[PDB]
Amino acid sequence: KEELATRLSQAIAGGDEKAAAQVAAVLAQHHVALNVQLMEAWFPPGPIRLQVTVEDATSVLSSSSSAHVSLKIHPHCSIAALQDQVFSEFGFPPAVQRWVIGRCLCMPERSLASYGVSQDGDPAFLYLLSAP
């Protein structure tokens, strides 16, 4: 499994399509659960200081800015890893975090970069649910 995984990225980094197909098909037949990540180096560099505005069911929204929290985090980071960092520093499990960046509710699997995060001061919203 774990060698087929290695062999998969070797085959893709290799330019070798047929070897990538034979190994990707075999992992598929076995339903192997993979993390497939791009290189950190391909992303806009960090850590970046993300401006987080926390909100809930009854909080009074306003274009008043005031990020409650700044977090240093790399753009290559998955939203799942932002949720793990936030669970560490502050106690709120992933199950109650919902992340909004720009127009999007974010998927855990996707990078911060993929939602446009790349500069210091960039704004993200942490919506905390009240009945998981």
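A residue's number is simply how far along the shown sequence it sits, counting from 1.
Judged by mean Cα B factor in the deposited record, 59 to 67 ranks above the other of 59 to 67 and 80 to 88. Compared with the other modelled residues of the chain, the Cα B-factor recorded for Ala5 ranks in the middle third. Per the deposited record, the Cα B-factor of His74 falls in the middle third when ranked against the other modelled residues of its chain.
Among all modelled residues in its chain, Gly15 ranks in the highest third by Cα B-factor.
Among the modelled residues of its chain, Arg98 has a C-alpha B-factor that falls in the lowest third according to the deposited record. Per the PDB record, residue ranking by Cα B-factor puts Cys106 in the lowest third of the chain.
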